[PDB]
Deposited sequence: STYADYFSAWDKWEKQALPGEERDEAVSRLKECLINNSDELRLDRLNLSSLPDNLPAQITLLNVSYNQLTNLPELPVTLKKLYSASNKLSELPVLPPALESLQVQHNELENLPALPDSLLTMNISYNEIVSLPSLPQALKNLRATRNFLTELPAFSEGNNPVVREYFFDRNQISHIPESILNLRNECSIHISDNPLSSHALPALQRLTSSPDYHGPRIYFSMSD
C-alpha cells in the first residue's frame, strides 16, 4: 500500500463521521503513525463507529479500545498486541499469526476465532462466549470473567492465572486438582454444587494441600 492509497482511504473515511465522532483526530493519528513509521497506533476514545479498511501495515500495537466499533478490519499481519476492549464487536477477524496480546473485554462476542500459538495474554471478559477454542500452550494469563462458559478448559512451574468468575460452570473437574501451586484459578460465582464451597474450603486450607490456588467464592 502506497502513501496516496492510505491518505485517500483515510480522507474519504473521515468524511462520513456522525456528529460527535472524532474521525478528524483519528486521521491525524493515522497520518502521524505512517510519516514516523511508528510501531504503535492508538485510536482509543475517539467515539468511532468504525475504522478505515487499510490500517498502517507496519504496526505492531493497535489500540482501539473505548469506541463504538462493531467490526474490526483485517489486521496487520505484523500485529503483536491488539487492544479493542469496550466496543460492540460481535466477532473478531482472523487473528494476526503472531499475536501476543488480545484485549477484547466488554464487547458482544459470541465466539472466538483460532488463537495463535504465540498468545501469552488474553482478556475476553464481559462478552457472551459459551465455549473456548483450543488454548495456546504459551498462554499464561486468561481473563474470562462474566461470559457464559459451561465448563472449564483442560490444563516447568510458570505463573499461570485463569479468571473464570461469573460464568455458568457447574462442575469442578479432576483436572483442576492436578495443577500445582503456580496456577491460580478464579472460580467464584458459578452455579457449582451446593457442596463445592465447603468442600473446597476444607481441601485448600488443609495443612498438606498441594494443587492450584483456587479462589472460589466472594469471601463466603
> Can you list the gaps, numbered from 1 on the deposited sequence, where no C-alpha is modelled?
Replying inline: 156-159
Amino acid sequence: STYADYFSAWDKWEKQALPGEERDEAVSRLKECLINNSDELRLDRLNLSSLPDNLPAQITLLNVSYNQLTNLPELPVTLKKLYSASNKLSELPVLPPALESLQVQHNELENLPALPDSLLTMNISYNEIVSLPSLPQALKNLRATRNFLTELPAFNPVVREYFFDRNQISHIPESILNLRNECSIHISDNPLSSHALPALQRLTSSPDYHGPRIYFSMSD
From here on, numbers count along this sequence of modelled residues.
>> Using only C-alpha atoms and the B-factors in the entry, which stretch averages higher, 210-218 or 4-12?
In response: 210-218
> Do the C-alpha atoms of 28-36 or of 176-184 have the higher average B factor in the entry?
Replying inline: 176-184
>> Maximum C-alpha temperature factor per the entry, among 68, 63, 156, 168, belongs to which one?
In response: 156
> Which has the highest CA B-factor per the PDB entry: 140, 146, 143, 106?
Replying inline: 140
>> Taking only the Cα B-factors deposited for this chain, tell me whether residue 74 sits in the lowest, middle or highest third.
In response: highest
> Is the Cα B-factor recorded for residue 161 in the lowest, middle or highest third of its chain?
Replying inline: highest
> So where's residue 151 on the chain's Cα temperature factor ranking, which third?
Replying inline: middle
> For residue 55, does the deposited CA B-factor place it in the lowest, middle or highest third of the chain?
Replying inline: highest
> Lowest, middle or highest third: where is residue 113 by C-alpha B factor in its chain?
Replying inline: lowest
